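Data first, discussion second: the structure below is written as structure tokens.
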Amino acid sequence: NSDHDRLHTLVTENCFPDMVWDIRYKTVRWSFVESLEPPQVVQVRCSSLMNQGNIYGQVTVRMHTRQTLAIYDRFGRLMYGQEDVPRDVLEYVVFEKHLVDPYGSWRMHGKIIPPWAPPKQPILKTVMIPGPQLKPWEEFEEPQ
Amino acid sequence: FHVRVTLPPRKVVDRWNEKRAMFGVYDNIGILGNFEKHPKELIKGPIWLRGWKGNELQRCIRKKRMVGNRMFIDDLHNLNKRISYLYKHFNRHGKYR
Amino acid sequence: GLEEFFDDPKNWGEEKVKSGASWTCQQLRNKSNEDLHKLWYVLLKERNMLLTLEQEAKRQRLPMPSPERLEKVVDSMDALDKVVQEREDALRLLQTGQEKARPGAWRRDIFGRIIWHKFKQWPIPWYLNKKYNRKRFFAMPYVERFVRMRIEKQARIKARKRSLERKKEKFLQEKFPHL
Amino acid sequence: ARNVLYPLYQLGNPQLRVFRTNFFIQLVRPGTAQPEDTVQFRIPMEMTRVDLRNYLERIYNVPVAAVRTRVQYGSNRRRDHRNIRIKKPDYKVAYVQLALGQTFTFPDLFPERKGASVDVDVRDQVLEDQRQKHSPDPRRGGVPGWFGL
Amino acid sequence: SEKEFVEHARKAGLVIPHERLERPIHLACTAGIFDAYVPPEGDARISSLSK
Amino acid sequence: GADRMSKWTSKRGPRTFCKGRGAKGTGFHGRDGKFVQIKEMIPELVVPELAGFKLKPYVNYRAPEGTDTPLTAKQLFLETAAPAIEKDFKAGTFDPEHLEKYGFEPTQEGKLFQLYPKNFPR
Amino acid sequence: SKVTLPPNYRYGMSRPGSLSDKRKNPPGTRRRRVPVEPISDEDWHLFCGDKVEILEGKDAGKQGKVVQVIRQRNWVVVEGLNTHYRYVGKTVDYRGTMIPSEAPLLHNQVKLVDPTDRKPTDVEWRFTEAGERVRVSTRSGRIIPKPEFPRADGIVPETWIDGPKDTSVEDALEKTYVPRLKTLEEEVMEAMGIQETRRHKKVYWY
Amino acid sequence: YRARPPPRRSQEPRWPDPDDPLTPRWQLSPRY
RNA sequence: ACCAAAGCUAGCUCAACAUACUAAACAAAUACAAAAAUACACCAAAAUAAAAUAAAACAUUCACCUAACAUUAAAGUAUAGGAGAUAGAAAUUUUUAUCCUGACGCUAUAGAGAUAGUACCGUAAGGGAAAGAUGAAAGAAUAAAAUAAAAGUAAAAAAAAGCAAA
Ligand SMILES: [Mg+2]
Ligand SMILES: [Mg+2]
Ligand SMILES: [Mg+2]
Ligand SMILES: [Mg+2]
Ligand SMILES: [Mg+2]
Ligand SMILES: [Mg+2]
Ligand SMILES: [Mg+2]
Ligand SMILES: [Mg+2]
Ligand SMILES: [Mg+2]
Ligand SMILES: [Mg+2]
Ligand SMILES: [Mg+2]
Ligand SMILES: [Mg+2]
Ligand SMILES: [Mg+2]
Ligand SMILES: [Mg+2]
Ligand SMILES: [Mg+2]
């Protein structure tokens, strides 16, 4: 819906730049269909700031999910992925809450991707990666 | 000729404010008041203008006679010049003679 | 004895160099004359050093270490001054009873302004003095006109300052009618 | 002392004494090469040669051999947004020369700490690493990398 | 005959006014994640098994 | 069209124009045309020994300030002349004619530093 | 240092002598005057550090500590309450650190809260019998303390250590004064044992 | 609202300060 | 689509009152070539206002025109005047306090010249400008928001023939 006000109650200051930034001139259609394995709590951590006496509870919830994501380009032409495929995801989702704070919101802090994580589905468009830009007197050198 | 693009703040004048509600109250002070004070007395204004009237020349001439010695230099000088001008104009210029 | 223009070498490259509060007047009223006389030099040396560091900071395009010291020191010296002056001005009020340490007179100059004319020390008395004799303290008659103008001009300014303030009150009263 | 009245001197008067001196002084690094004999100060406009020599010797115990002075004119040329001229204030410069063969040298007041410079290079490397972390993936082609799928 | 342009915009990071801040920046959150749980490498094959 | 606004200074005129920057004259022109300095007109700095004494350019922060009472001619009269005057009136030895024992000075022209015409700079 | 501001000036929460300010309003800026409800300094019931309730905005019915007041524009700052988000670190490839920042409040949108029941209240200045001036609640009929707050220096007097050039409390509070009728010059010259004979010849003043 | 008190002509004898220079010289006369 | 366009403030105007009327600020320096602590002197002063203009010219004359006495009348009367233009009284009369102060005044080509007697122009006396617009916050500039309307241009060169239209 691109509603940022509610998005500032839910997600944290570190997350918001990330999930909003790139996507603001595009259209997103995201749907939740199934949760295959019920959400698991992996771990909990606290950071004790001796300066502020401030504690931030950080809860990592591992979750396995079925989601439909379609990103459209600002001209309305499809960019990322289909709207009909209920694709299976595995995400390790970090949450955070300020404690000493009387208003005590539970928020979505970060998203951790594992080193072995399955390569994300391929892009639609073709992409080109240029070789190093050379000045006149600089000769090219090829690694093997 | 560009005209202002935004509606001004609509100004609300209540006509029942004190000054507007009490307007013209003592104007009949002479008649109903067993004549003692003439309505002139009600007039708040410049000293030379209270309960009196006249064309710009007469006005100026009168201002000078009454307050002319309490005036600032620049203003007295200006007044004299205005008087001289008005004199010359009224007396020697016009269509009708 | 040239190093008193610089901080202890232990301080040189450091960002924050901390320091005490400047002297209040009150703490100084308690000290004797001799000790104030000394404290003046202790404060002097330090003010000099601080100014040196200041300019040298500008030279190196770097921010000055804990700039605030320079303020504090100044105040102290300044404060010290205020104290010593008191004890003189009190004292002479006792002895002579003149409120001003410099002889002076209320005079009216060429331009008709009423001026306070400070006196000057001369080896010869005033009627024998060429240069002083050719000043005029008095106004000629024409000046009287200008004087009037001055007044009127002044009066105007005050007059329309007043009217301004008055106006500002009305505006606010219709903007914030919490009365 | 400055800004103050001095008592008129006539013949056979008491020695004039200043108990709390008004002046102040900057020791400044020279803009041009100078012999090691020579120290250079910026002084107040009203301080004479003799004044400064006495000042140095009495307050600071420095053996002054010789003192010269000049007055530096500050530029009046720079303009305000109003096109009014700004004046960088004029000042007096004092070259002094030390007596006993004493050599001076202007001390370096800002030696850099190598641990703070190494921490600066490491924080610059960490910042460059964060800006390389945030930098878009060439092969994604501009698809936002937040979504798992 | 003498008038010039204005408005050349610039961003200057300078530590001195950044320190002189009278109301230090209040954070709702911390940017990093302290300890990152590193999951089993066979976590795909243990997911099809419930218990 | 010259320069009206900029202040008049020795840097501006001809050779013949020499106007000091406001330092005070230390002497006079003598016989040979050479200049003579009078040792009396040159300010003599009076500097105390600082070494053996304890005071510093700054003060401890937890050290208290105080209620601010500007010294008045009156308070100074009470701390000095009032004890002595009361002591010698209670003893009946008070002499309204000569107050000089209490520190009052009838006239300023005798002493080195005079208060009213103000003989000393600082 | 005292920086003199032009007669017509706007207050942007940025310290008037700072680069944020010189960049916001350069040498020649004269903007439209913002009408400000006049408040005598003796009618001003809001200081820094006291817990207050917000009557307006998206965050309302909440309570927070007052960090900074701006008196010229009649403003309070409740830390991390009235809020809008802003990026701080910036370079061409990197937009860093989105930070919640505080938008100031008029004093009409914030009421002072009395400690006991944590309700908002109408504060009124009262003089008690001890010669003391305290804030008294209209609704609850109690007195409200004043918010003792740290200071701009970040230096707490209780924890402090004297450096080389600091004078100790002892030597500073010590009274050396002997209130006698000589001047500084006579005192010092007598103490240093400087002996002067000659006196000044007559000088004429005019 | 309620109106101001009506303007009335005081019937008491009225004597101007003979010593006030701002007073008109017609109100200082025998005739007055 | 450019160039542009829109704000409502800064302040002002005219009166009232009012105490009384050369503001503010003075540490030093200021009447040497003002802002330069210090040497036998001099110092100071007044003389009718004139003319442009009206008289259809101009010659006597020509209100007001840097001198306190106001107001209602007497009265534009008595008088004075190349008896022309015009000028013009008096005797004698009248005048009740103090509070209710403000605005059918201006809103940036207006209202003060005024953001300033500054810039700039004159050797000097002197003359004398123009200029402002975001928002609660810019300690909200990958920035967010409502005109896109003057002439001038661009988007888009022209095609026999003629006051350009009907
Ligand atoms: Mg030379
Ligand atoms: Mg010129
Ligand atoms: Mg010259
Ligand atoms: Mg030359
Ligand atoms: Mg010589
Ligand atoms: Mg004619
Ligand atoms: Mg004609
Ligand atoms: Mg003719
Ligand atoms: Mg005439
Ligand atoms: Mg005749
Ligand atoms: Mg005729
Ligand atoms: Mg204008
Ligand atoms: Mg104009
Ligand atoms: Mg057009
Ligand atoms: Mg045709």
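Labels used: A, B, ... for chains in the order of the structure tokens, numbers from 1 for residues in each chain, and numbers from 1 for ligands as shown.
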Hey, which residues sit close to ligand 10? Say within 10 Å, counting only C-alpha atoms (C1' of nucleotides) and all ligand atoms, and write them as a ChimeraX atom specification.
/I:80-81,83
Selection above as a file: N, CA and C atoms (P, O5', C5', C4', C3', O3' and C1' of nucleotides), as a PDB file, in the first residue's frame:
```pdb
ATOM      1  P     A I  80      -8.844 105.595   4.342  1.00  0.00           P
ATOM      2  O5'   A I  80      -7.669 104.670   3.814  1.00  0.00           O
ATOM      3  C5'   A I  80      -6.796 104.023   4.722  1.00  0.00           C
ATOM      4  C4'   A I  80      -5.896 103.064   3.998  1.00  0.00           C
ATOM      5  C3'   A I  80      -5.626 103.421   2.556  1.00  0.00           C
ATOM      6  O3'   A I  80      -4.663 104.454   2.459  1.00  0.00           O
ATOM      7  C1'   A I  80      -6.079 101.099   2.743  1.00  0.00           C
ATOM      8  P     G I  81      -4.364 105.146   1.049  1.00  0.00           P
ATOM      9  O5'   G I  81      -3.676 103.961   0.250  1.00  0.00           O
ATOM     10  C5'   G I  81      -3.541 104.037  -1.144  1.00  0.00           C
ATOM     11  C4'   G I  81      -3.559 102.687  -1.797  1.00  0.00           C
ATOM     12  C3'   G I  81      -3.911 102.759  -3.255  1.00  0.00           C
ATOM     13  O3'   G I  81      -2.808 103.195  -4.000  1.00  0.00           O
ATOM     14  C1'   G I  81      -5.072 100.971  -2.255  1.00  0.00           C
ATOM     15  P     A I  83      -5.316 105.443  -9.259  1.00  0.00           P
ATOM     16  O5'   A I  83      -6.183 105.119  -7.956  1.00  0.00           O
ATOM     17  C5'   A I  83      -6.375 103.773  -7.548  1.00  0.00           C
ATOM     18  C4'   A I  83      -7.769 103.490  -7.035  1.00  0.00           C
ATOM     19  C3'   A I  83      -8.869 104.465  -7.442  1.00  0.00           C
ATOM     20  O3'   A I  83     -10.101 103.741  -7.490  1.00  0.00           O
ATOM     21  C1'   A I  83      -8.793 104.334  -5.120  1.00  0.00           C
TER      22        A I  83
END
```
Nearby polymer residues, ligand 6, at most 12 Å, only C-alpha atoms (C1' of nucleotides) and all ligand atoms, as a PyMOL selection string
chain I and resi 52-59+62+85
Suppose we keep C-alpha atoms (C1' of nucleotides); can you now write the selection as a PDB file, in the first residue's frame?
```pdb
ATOM      1  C1'   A I  52      10.275  84.538  -9.081  1.00  0.00           C
ATOM      2  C1'   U I  53       4.941  85.887  -9.034  1.00  0.00           C
ATOM      3  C1'   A I  54      -0.336  88.963  -9.336  1.00  0.00           C
ATOM      4  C1'   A I  55      -1.633  93.514 -11.755  1.00  0.00           C
ATOM      5  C1'   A I  56      -3.091  89.804 -18.314  1.00  0.00           C
ATOM      6  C1'   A I  57       3.178  94.830 -19.767  1.00  0.00           C
ATOM      7  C1'   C I  58       5.542  97.444 -15.990  1.00  0.00           C
ATOM      8  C1'   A I  59       7.706 101.320 -12.859  1.00  0.00           C
ATOM      9  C1'   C I  62       1.233  92.074  -4.877  1.00  0.00           C
ATOM     10  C1'   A I  85      -4.908  94.297  -8.745  1.00  0.00           C
TER      11        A I  85
END
```
DSSP-assigned alpha helix (DSSP H) among chain E, expressed as an MDAnalysis selection string:
chainID E and resid 15:19
Keeping only C-alpha atoms, write the selected residues to a file as a PDB file, in the first residue's frame.
```pdb
ATOM      1  CA  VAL E  15      33.106  17.805  13.863  1.00  0.00           C
ATOM      2  CA  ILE E  16      32.975  21.044  15.944  1.00  0.00           C
ATOM      3  CA  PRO E  17      29.303  21.997  15.548  1.00  0.00           C
ATOM      4  CA  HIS E  18      28.497  18.250  15.641  1.00  0.00           C
ATOM      5  CA  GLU E  19      29.967  18.172  19.198  1.00  0.00           C
TER       6      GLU E  19
END
```
Using only C-alpha atoms (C1' of nucleotides), which protein or nucleic acid residues come within 12 Å of residue 21 of chain G? Drop anything in the same chain fewer than 3 positions from it, and give the result as number ranges by chain.
E: 17; G: 5, 9-18, 24-27, 29; I: 138-139
Those same residues - N, CA, C and O atoms (P, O5', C5', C4', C3', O3' and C1' of nucleotides) - I'd like them written as a PDB file, in the first residue's frame.
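out.pdb was written with the following content:
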```pdb
ATOM      1  N   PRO E  17      30.715  21.802  15.181  1.00  0.00           N
ATOM      2  CA  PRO E  17      29.303  21.997  15.548  1.00  0.00           C
ATOM      3  C   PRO E  17      28.561  20.676  15.839  1.00  0.00           C
ATOM      4  O   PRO E  17      27.514  20.687  16.494  1.00  0.00           O
TER       5      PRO E  17
ATOM      6  N   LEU G   5      22.322  39.400  16.478  1.00  0.00           N
ATOM      7  CA  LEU G   5      21.387  38.986  15.438  1.00  0.00           C
ATOM      8  C   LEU G   5      20.677  40.195  14.828  1.00  0.00           C
ATOM      9  O   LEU G   5      20.420  41.181  15.522  1.00  0.00           O
ATOM     10  N   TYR G   9      14.420  38.039  12.597  1.00  0.00           N
ATOM     11  CA  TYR G   9      15.184  36.804  12.592  1.00  0.00           C
ATOM     12  C   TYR G   9      14.271  35.618  12.913  1.00  0.00           C
ATOM     13  O   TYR G   9      13.319  35.760  13.682  1.00  0.00           O
ATOM     14  N   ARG G  10      14.546  34.457  12.326  1.00  0.00           N
ATOM     15  CA  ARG G  10      13.772  33.258  12.643  1.00  0.00           C
ATOM     16  C   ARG G  10      14.593  32.283  13.468  1.00  0.00           C
ATOM     17  O   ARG G  10      15.809  32.197  13.308  1.00  0.00           O
ATOM     18  N   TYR G  11      13.933  31.545  14.349  1.00  0.00           N
ATOM     19  CA  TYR G  11      14.652  30.620  15.207  1.00  0.00           C
ATOM     20  C   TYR G  11      14.379  29.170  14.829  1.00  0.00           C
ATOM     21  O   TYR G  11      13.278  28.656  15.006  1.00  0.00           O
ATOM     22  N   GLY G  12      15.416  28.532  14.298  1.00  0.00           N
ATOM     23  CA  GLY G  12      15.335  27.214  13.694  1.00  0.00           C
ATOM     24  C   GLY G  12      15.865  26.068  14.541  1.00  0.00           C
ATOM     25  O   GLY G  12      16.398  25.103  14.004  1.00  0.00           O
ATOM     26  N   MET G  13      15.835  26.214  15.861  1.00  0.00           N
ATOM     27  CA  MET G  13      16.330  25.177  16.771  1.00  0.00           C
ATOM     28  C   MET G  13      17.839  25.018  16.663  1.00  0.00           C
ATOM     29  O   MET G  13      18.470  24.405  17.523  1.00  0.00           O
ATOM     30  N   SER G  14      18.421  25.571  15.609  1.00  0.00           N
ATOM     31  CA  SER G  14      19.855  25.522  15.454  1.00  0.00           C
ATOM     32  C   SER G  14      20.431  26.715  16.180  1.00  0.00           C
ATOM     33  O   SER G  14      19.874  27.812  16.134  1.00  0.00           O
ATOM     34  N   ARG G  15      21.526  26.476  16.886  1.00  0.00           N
ATOM     35  CA  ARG G  15      22.206  27.511  17.638  1.00  0.00           C
ATOM     36  C   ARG G  15      22.575  28.655  16.701  1.00  0.00           C
ATOM     37  O   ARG G  15      23.309  28.449  15.735  1.00  0.00           O
ATOM     38  N   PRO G  16      22.066  29.865  16.987  1.00  0.00           N
ATOM     39  CA  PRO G  16      22.161  31.048  16.119  1.00  0.00           C
ATOM     40  C   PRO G  16      23.568  31.408  15.596  1.00  0.00           C
ATOM     41  O   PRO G  16      23.661  32.113  14.587  1.00  0.00           O
ATOM     42  N   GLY G  17      24.632  30.943  16.245  1.00  0.00           N
ATOM     43  CA  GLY G  17      25.977  31.225  15.768  1.00  0.00           C
ATOM     44  C   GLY G  17      26.649  30.092  15.008  1.00  0.00           C
ATOM     45  O   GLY G  17      27.873  30.073  14.875  1.00  0.00           O
ATOM     46  N   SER G  18      25.863  29.170  14.465  1.00  0.00           N
ATOM     47  CA  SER G  18      26.425  27.917  13.962  1.00  0.00           C
ATOM     48  C   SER G  18      26.270  27.789  12.461  1.00  0.00           C
ATOM     49  O   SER G  18      25.497  28.521  11.842  1.00  0.00           O
ATOM     50  N   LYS G  24      21.353  28.040   6.866  1.00  0.00           N
ATOM     51  CA  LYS G  24      19.904  28.216   6.755  1.00  0.00           C
ATOM     52  C   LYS G  24      19.530  29.662   6.432  1.00  0.00           C
ATOM     53  O   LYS G  24      18.871  29.920   5.424  1.00  0.00           O
ATOM     54  N   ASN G  25      19.961  30.601   7.270  1.00  0.00           N
ATOM     55  CA  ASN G  25      19.693  32.014   7.016  1.00  0.00           C
ATOM     56  C   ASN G  25      20.979  32.850   6.945  1.00  0.00           C
ATOM     57  O   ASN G  25      21.492  33.310   7.970  1.00  0.00           O
ATOM     58  N   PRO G  26      21.490  33.048   5.712  1.00  0.00           N
ATOM     59  CA  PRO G  26      22.724  33.758   5.352  1.00  0.00           C
ATOM     60  C   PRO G  26      22.665  35.228   5.783  1.00  0.00           C
ATOM     61  O   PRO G  26      21.632  35.637   6.313  1.00  0.00           O
ATOM     62  N   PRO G  27      23.746  36.007   5.569  1.00  0.00           N
ATOM     63  CA  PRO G  27      23.813  37.402   6.029  1.00  0.00           C
ATOM     64  C   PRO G  27      22.605  38.297   5.719  1.00  0.00           C
ATOM     65  O   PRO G  27      22.200  39.065   6.596  1.00  0.00           O
ATOM     66  N   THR G  29      19.266  37.657   5.001  1.00  0.00           N
ATOM     67  CA  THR G  29      17.907  37.117   5.044  1.00  0.00           C
ATOM     68  C   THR G  29      17.001  37.853   6.014  1.00  0.00           C
ATOM     69  O   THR G  29      17.317  38.032   7.187  1.00  0.00           O
TER      70      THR G  29
ATOM     71  P     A I 138      13.958  24.646  11.393  1.00  0.00           P
ATOM     72  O5'   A I 138      13.976  23.695  10.110  1.00  0.00           O
ATOM     73  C5'   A I 138      14.585  22.406  10.179  1.00  0.00           C
ATOM     74  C4'   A I 138      15.598  22.156   9.085  1.00  0.00           C
ATOM     75  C3'   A I 138      16.432  23.360   8.647  1.00  0.00           C
ATOM     76  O3'   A I 138      17.778  22.952   8.406  1.00  0.00           O
ATOM     77  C1'   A I 138      15.316  22.429   6.775  1.00  0.00           C
ATOM     78  P     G I 139      18.811  22.846   9.634  1.00  0.00           P
ATOM     79  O5'   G I 139      18.495  21.417  10.267  1.00  0.00           O
ATOM     80  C5'   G I 139      19.371  20.838  11.225  1.00  0.00           C
ATOM     81  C4'   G I 139      18.727  19.692  11.965  1.00  0.00           C
ATOM     82  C3'   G I 139      17.307  19.946  12.473  1.00  0.00           C
ATOM     83  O3'   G I 139      16.640  18.692  12.602  1.00  0.00           O
ATOM     84  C1'   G I 139      18.703  19.557  14.297  1.00  0.00           C
TER      85        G I 139
END
```
Which residues of chain E are close to chain I, meaning at most 12 Å apart when you count only C-alpha atoms (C1' of nucleotides), and how do they look as an mmCIF file with C-alpha atoms, in the first residue's frame?
```cif
data_model
loop_
_atom_site.group_PDB
_atom_site.id
_atom_site.type_symbol
_atom_site.label_atom_id
_atom_site.label_comp_id
_atom_site.auth_asym_id
_atom_site.auth_seq_id
_atom_site.Cartn_x
_atom_site.Cartn_y
_atom_site.Cartn_z
ATOM 1 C CA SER E 1 25.847 46.584 -13.765
ATOM 2 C CA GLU E 2 27.177 44.607 -10.779
ATOM 3 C CA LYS E 3 25.038 41.729 -9.532
ATOM 4 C CA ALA E 9 24.739 24.441 -2.177
ATOM 5 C CA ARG E 10 27.281 22.385 -0.209
ATOM 6 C CA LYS E 11 27.374 19.682 2.479
ATOM 7 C CA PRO E 17 29.303 21.997 15.548
ATOM 8 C CA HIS E 18 28.497 18.250 15.641
ATOM 9 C CA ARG E 20 28.271 21.392 20.310
ATOM 10 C CA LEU E 21 24.848 19.787 19.953
ATOM 11 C CA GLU E 22 22.870 20.791 23.052
ATOM 12 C CA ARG E 23 20.381 17.932 22.791
ATOM 13 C CA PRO E 24 22.442 14.832 21.892
ATOM 14 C CA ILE E 25 20.868 12.552 19.296
ATOM 15 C CA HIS E 26 18.236 10.261 20.773
#
```
Can you work out which residues from chain D touch chain I at a cut-off of 8 Å (counting only C-alpha atoms (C1' of nucleotides)) and hand them back as a list in words?
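That gives the following set of residues: residues 3, 4, 5, 6, 8, 9, 82, 83 and 84 of chain D.
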DSSP on the backbone: which residues in segment 4-110 of chain F end up as strand (DSSP E or B)? Give the answer as a PDB file with C-alpha atoms, in the first residue's frame.
```pdb
ATOM      1  CA  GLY F  27      61.205  61.829  25.678  1.00  0.00           C
ATOM      2  CA  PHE F  28      62.108  64.975  23.770  1.00  0.00           C
ATOM      3  CA  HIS F  29      64.366  66.191  20.967  1.00  0.00           C
ATOM      4  CA  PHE F  35      66.367  62.139  20.561  1.00  0.00           C
ATOM      5  CA  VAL F  36      66.645  61.930  24.347  1.00  0.00           C
ATOM      6  CA  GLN F  37      64.792  59.435  26.492  1.00  0.00           C
ATOM      7  CA  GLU F  44      58.490  50.650  35.025  1.00  0.00           C
ATOM      8  CA  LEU F  45      56.713  47.344  35.441  1.00  0.00           C
ATOM      9  CA  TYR F  58      41.493  28.772  37.215  1.00  0.00           C
ATOM     10  CA  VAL F  59      39.355  27.681  40.175  1.00  0.00           C
TER      11      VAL F  59
END
```
Near residue 30 of chain E, within 10 Å and counting only C-alpha atoms (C1' of nucleotides), which residues show up once chain neighbours fewer than 5 positions away are dropped, as a list in words?
residues 12, 13, 14, 47, 56, 96, 98 and 109 of chain A; 97 of chain G
Would you put the residues from that selection into a file with C-alpha atoms, as an mmCIF file, in the first residue's frame?
```
data_model
loop_
_atom_site.group_PDB
_atom_site.id
_atom_site.type_symbol
_atom_site.label_atom_id
_atom_site.label_comp_id
_atom_site.auth_asym_id
_atom_site.auth_seq_id
_atom_site.Cartn_x
_atom_site.Cartn_y
_atom_site.Cartn_z
ATOM 1 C CA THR A 12 13.058 -0.311 13.184
ATOM 2 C CA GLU A 13 15.219 2.639 12.049
ATOM 3 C CA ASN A 14 17.873 0.282 10.635
ATOM 4 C CA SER A 47 23.039 -5.054 24.653
ATOM 5 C CA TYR A 56 17.619 -3.542 23.751
ATOM 6 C CA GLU A 96 14.335 -5.482 18.579
ATOM 7 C CA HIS A 98 13.828 -0.746 23.648
ATOM 8 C CA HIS A 109 15.041 -4.906 13.266
ATOM 9 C CA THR G 97 21.845 6.267 9.386
#
```
Contact residues (chain G, partner chain F, 8 Å, only C-alpha atoms) as a PyMOL selection string
chain G and resi 157-158+160+162+165-169+171-173+179-181+185-186+192+199-200
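Omitting segment 21-24 of chain I and its sequence neighbours fewer than 3 positions away, and counting only C-alpha atoms (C1' of nucleotides), the residues within 12 Å are residues 108, 111, 112, 113, 114, 115, 143, 144, 145, 146, 147, 148, 149, 150, 151, 152, 153, 154, 155, 156, 157, 158 and 159 of chain C.
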Export of the given selection (N, CA and C atoms) as a short mmCIF file (atom, residue, chain, number, x, y, z; two decimals), in the first residue's frame:
```cif
data_model
loop_
_atom_site.label_atom_id
_atom_site.label_comp_id
_atom_site.auth_asym_id
_atom_site.auth_seq_id
_atom_site.Cartn_x
_atom_site.Cartn_y
_atom_site.Cartn_z
N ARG C 108 29.14 73.16 26.46
CA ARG C 108 28.33 73.26 25.28
C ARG C 108 29.28 73.63 24.12
N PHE C 111 28.68 72.93 18.13
CA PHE C 111 27.49 72.39 17.49
C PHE C 111 26.29 72.44 18.40
N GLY C 112 26.47 72.97 19.60
CA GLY C 112 25.35 73.19 20.49
C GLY C 112 24.95 71.96 21.28
N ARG C 113 25.62 70.85 21.02
CA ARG C 113 25.41 69.66 21.82
C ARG C 113 25.89 69.92 23.23
N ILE C 114 25.26 69.30 24.21
CA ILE C 114 25.78 69.39 25.55
C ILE C 114 26.66 68.17 25.79
N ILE C 115 27.95 68.45 25.90
CA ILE C 115 28.99 67.44 25.88
C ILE C 115 29.65 67.34 27.25
N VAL C 143 23.04 78.39 15.52
CA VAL C 143 22.98 77.04 16.02
C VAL C 143 21.64 76.71 16.66
N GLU C 144 21.02 77.70 17.29
CA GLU C 144 19.75 77.51 17.98
C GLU C 144 18.70 76.84 17.10
N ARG C 145 18.67 77.21 15.83
CA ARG C 145 17.74 76.57 14.90
C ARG C 145 17.99 75.06 14.84
N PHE C 146 19.23 74.68 14.54
CA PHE C 146 19.60 73.28 14.41
C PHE C 146 19.25 72.47 15.64
N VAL C 147 19.50 73.06 16.81
CA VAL C 147 19.14 72.43 18.06
C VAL C 147 17.69 71.99 18.04
N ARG C 148 16.82 72.94 17.70
CA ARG C 148 15.40 72.64 17.59
C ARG C 148 15.15 71.44 16.70
N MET C 149 15.73 71.46 15.50
CA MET C 149 15.56 70.36 14.55
C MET C 149 15.90 69.05 15.23
N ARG C 150 17.04 69.02 15.91
CA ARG C 150 17.48 67.82 16.60
C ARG C 150 16.35 67.29 17.45
N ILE C 151 15.85 68.14 18.34
CA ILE C 151 14.76 67.75 19.23
C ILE C 151 13.63 67.13 18.44
N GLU C 152 13.15 67.86 17.45
CA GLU C 152 11.99 67.43 16.68
C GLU C 152 12.27 66.07 16.05
N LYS C 153 13.46 65.91 15.47
CA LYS C 153 13.80 64.65 14.84
C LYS C 153 13.70 63.56 15.89
N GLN C 154 14.36 63.78 17.01
CA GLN C 154 14.32 62.82 18.10
C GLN C 154 12.87 62.48 18.43
N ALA C 155 12.05 63.53 18.57
CA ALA C 155 10.68 63.36 19.02
C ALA C 155 9.92 62.46 18.08
N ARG C 156 10.15 62.66 16.78
CA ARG C 156 9.51 61.86 15.76
C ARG C 156 9.82 60.40 15.97
N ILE C 157 11.11 60.11 16.11
CA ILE C 157 11.54 58.73 16.16
C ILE C 157 10.82 58.04 17.30
N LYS C 158 10.99 58.59 18.51
CA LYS C 158 10.30 58.09 19.69
C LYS C 158 8.81 57.92 19.40
N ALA C 159 8.22 58.97 18.83
CA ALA C 159 6.79 59.00 18.53
C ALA C 159 6.34 57.79 17.71
#
```
Taking only C-alpha atoms (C1' of nucleotides) and all ligand atoms into account, which residues have an atom no farther than 12 Å from ligand 1? I'd like them as a list in words.
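With only C-alpha atoms (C1' of nucleotides) and all ligand atoms and a cut-off of 12 Å, ligand 1 is contacted by residues 48, 49, 67, 68, 69, 70, 71, 72, 92, 93, 94 and 95 of chain D; 10, 11, 18 and 20 of chain F.
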Create the file for the chosen residues now, containing C-alpha atoms and written as a short mmCIF file (atom, residue, chain, number, x, y, z; two decimals), in the first residue's frame.
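Saved result, part_21.cif, follows:
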```
data_model
loop_
_atom_site.label_atom_id
_atom_site.label_comp_id
_atom_site.auth_asym_id
_atom_site.auth_seq_id
_atom_site.Cartn_x
_atom_site.Cartn_y
_atom_site.Cartn_z
CA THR D 48 56.74 50.88 22.33
CA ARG D 49 60.08 49.09 21.75
CA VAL D 67 64.11 44.87 19.44
CA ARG D 68 62.66 46.14 16.17
CA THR D 69 59.02 46.83 15.27
CA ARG D 70 56.79 47.52 12.29
CA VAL D 71 53.11 48.16 11.74
CA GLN D 72 51.21 45.76 9.49
CA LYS D 92 52.15 45.76 15.44
CA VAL D 93 54.88 43.18 14.86
CA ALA D 94 57.95 42.93 17.06
CA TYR D 95 61.17 41.18 16.14
CA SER F 10 50.40 57.88 8.85
CA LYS F 11 50.48 55.33 6.03
CA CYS F 18 53.80 61.40 10.69
CA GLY F 20 51.70 57.99 15.82
#
```
